[PDB]
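First, one chain by itself: the form deposited in one PDB entry, in structure tokens.
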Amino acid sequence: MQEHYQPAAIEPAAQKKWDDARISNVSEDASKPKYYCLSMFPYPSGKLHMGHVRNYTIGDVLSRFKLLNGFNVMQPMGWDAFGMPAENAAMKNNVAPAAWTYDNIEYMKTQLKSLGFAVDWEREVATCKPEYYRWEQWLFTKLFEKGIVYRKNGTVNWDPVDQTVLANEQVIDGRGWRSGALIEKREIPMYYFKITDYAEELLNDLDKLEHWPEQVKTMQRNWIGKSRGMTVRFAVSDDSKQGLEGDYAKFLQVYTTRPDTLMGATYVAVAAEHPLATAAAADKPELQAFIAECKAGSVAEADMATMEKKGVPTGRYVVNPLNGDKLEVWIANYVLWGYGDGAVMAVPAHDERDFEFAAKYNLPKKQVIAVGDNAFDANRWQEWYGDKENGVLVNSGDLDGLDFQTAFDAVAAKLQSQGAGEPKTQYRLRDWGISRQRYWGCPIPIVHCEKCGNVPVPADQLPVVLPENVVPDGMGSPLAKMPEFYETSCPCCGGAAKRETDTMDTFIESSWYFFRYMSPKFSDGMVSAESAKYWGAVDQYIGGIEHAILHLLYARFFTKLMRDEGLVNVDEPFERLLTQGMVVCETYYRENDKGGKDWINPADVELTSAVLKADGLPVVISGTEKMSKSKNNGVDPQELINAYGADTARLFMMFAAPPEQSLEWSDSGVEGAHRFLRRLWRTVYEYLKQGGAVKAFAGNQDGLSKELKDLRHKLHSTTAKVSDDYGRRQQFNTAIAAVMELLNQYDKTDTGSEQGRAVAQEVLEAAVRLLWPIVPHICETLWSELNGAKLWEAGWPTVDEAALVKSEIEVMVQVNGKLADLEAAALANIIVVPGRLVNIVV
């Protein structure tokens, strides 16, 4: 054993020892209990970043621990390969997106392997391969024939200078983000998943996820957004029926979740597309301009509630069906056509948006809800205005005194008797649009024929292959410009026909890949039935919080789709879910001779102030934020590995913060992690150079010294602490601190005697197994110096409950014949014959 710790000498050999033993290459062996530990697979970006290393180290800690506990552990890895990154890299570099993607995959694979993740590489998938995406084309055709996937015209933001479609996230002040050109709203046919057919299942099944963070579940519930309310029809006043036709001339129908406040409605509001808006804007230009601004908006949903609410009176009136009050109709920008009836009622006394709106326009507020002897101020909003559970109705004639649920029913009966309304369940959830006007994505398996319509490609003709021999030029989606791809024959009638040129939303690949990993070379279906039966669901999923809504919902949806097709037998893909925090770092800048800032990379700055590393001109240290190319503050993990080895990188990431907390880059803390590894190395080297290995202490410990009993207490306390930090808390930094404390006590204990060595052997053999999930290379190497058994069949350390009982302090006591450290406990009820009796001289 070399005296100095040299990670490049040891990490390659340890990796070849794990690979030679095929310990991460698992099969469906019904003899070992399974465990499926999954980290969210990466985009083949080019190179790993520190978020990648944080995530896959967390995955590896948990997989290695469960493996050491005897589980058949599958930890798979692959590549979320489609999407815009490669398309833009292709445009800028004059290279095919596929060629760029496959080179990135090859490089990033090398990096992952060198970090020593215990990954089953025989299960690798790449989603841009036809061996992969044919199976989502297959599922699509099945759901298309069932109406679960359907085609319908929708509205997109068209950028006419860049000749491509943009999401609302890419529209700033009505303009394209790169081009700066005004976007055009266009109606085009697109494809949708009927996810709203499964809304109630997706909402309720969340309740089975006892090992999910409540915040993720609550975020899903808000997105689905179920409400039970009331449809209410307000009759249109005779004076307001001009330009209306059909049911819109007779009534304005609305949806509300608060029918118990219908006596408090002081006005109604309609979307800009609503026929009432159209009819009243006919002669009023300010209304026309307000309607146009609403249509031109591109407010992303994450920003919807933040937009400033605005409205315009129409001069048309409807009649409240419970009290006959005539309310003015307003066009408002927060009422969205396609949600419900595109019209709402407004109660400023008990809904805060209605309060702020009515306060803006001086619209009236009528209190109808009381909560205790609380005063009602019509000019200031108090939180109890919105209380549903503890309110009672006031100012509502027949309904005064009722609580929420009784009044809801009373209103329902009143409205139904009248023909004016009925209970109604609604969901904020929209159907899922999967059409993308992009080249680098999975082709949609549809052929368009003027005789037969939109026809699915039959199963025998899948995949529809995306041609890899393409270089996007910017001027529009390539597939629409390639007759060699879209010109075909109709599979139903044989006649002239055209393939669909839109590709799929890339969320589709990531909605089922965890099942594909179960049988990644299966060519007769999405996932083999035998391997789905064995692996079941993912036991532990690890990933970033930005995927808590869309990706998770989509995966849960696809799992229930696949379940209903007969392919899988679970309701939920993910049992345990762990959300890792961001990785952030200091920023540095010089100022520009244009009044701006040039963001410098940390690698080219030295500290003391701070300046360049090759130069000496100072920089300006500024704030800490998530690593990103925007402020040039990303720290390249390959240079951290080059400088210190993989074990140091993995230890720093786990020690620096709990996985949920944001991790702050620290040169100082990276050096602390390395020196701790050096210390682990030296501790074992020094122990072995003073006598060589011995049989680890085991068994009855009566007759060990006090000092060595104490070390065994700390030893077995550490084992239970660590096990509970890996298994229960998932708090890997406290488990490292625990092992450091154990080595501190060992450093202060004399282990020179014969029984001393046996306890030191025990301590050290436990320490390196306890830390093997975090830094497996050095622990594998040191374990081989201490003990000749395979580390992984030695298995996780066991707690010795005997070493936790602390030995008895037993004696009797007597005041006047009749029944410092003992005289202090025995006065808590003065001779003291050593050990047996305490006599208290009365």
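Numbers for residues come from their place in the sequence shown, where the first is 1. Superpose the two forms; the largest set of C-alphas matching within 1.5 Å is the rigid core.
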Is residue 142 a gap in at least one third of the other compared entries? no
Go through the other compared entries with residues on either side of residue 229 and state whether a third or more give it no coordinates. no
Count, per the entry, the deposited residues between residue 819 and residue 820 that are not modelled, and return the matching class: none, 1 to 3, 4 to 9, or 10 or more. 10 or more
How many missing residues of the deposited sequence lie between residue 829 and residue 830 in the entry, grouped as none, 1 to 3, 4 to 9, or 10 or more? 10 or more
Highest mean C-alpha temperature factor of the two stretches 499-507 and 375-383, which is it? 375-383
Which of 398-406 and 593-601 has higher mean CA B factor, as the PDB entry lists it: 593-601
Of the options 194, 436, 109, 613, which has the highest CA B factor as deposited? 613
Tell me which of 573, 544, 321, 692 tops the list for C-alpha B factor in the record. 692
Split the chain's modelled residues into thirds by Cα B-factor; residue 64 lands in the lowest
By its CA B factor, does residue 214 count among the lowest, middle or highest third of the modelled residues in the chain? middle
Rank-wise, by C-alpha B-factor, drop residue 536 into the lowest, middle or highest third of its chain. lowest
B-factor third for the C-alpha atom of residue 242 within its chain: highest
On the chain's distribution of Cα B-factors, residue 52 falls within the third called lowest
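One more form of this protein, deposited in another entry, exists but is not displayed; see below.
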After superposing on the rigid core, which residue among 394, 698, 480, 307 shows a C-alpha displacement of 2 Å or more between this form and the one not shown? 307
Residue 545 C-alpha moves between this form and the one not shown by 2 Å or more, core aligned: no
Relative to the superposed rigid core, does residue 526 relocate between this form and the one not shown - that is, does its Cα move 2 Å or more? no
Rigid-core frame, C-alpha of residue 147, shift of 2 angstroms or more between this form and the one not shown: no
Shift in CA distance, residue 836 and residue 699, in that other deposited form relative to the form shown here, given it is 3 Å or more: farther
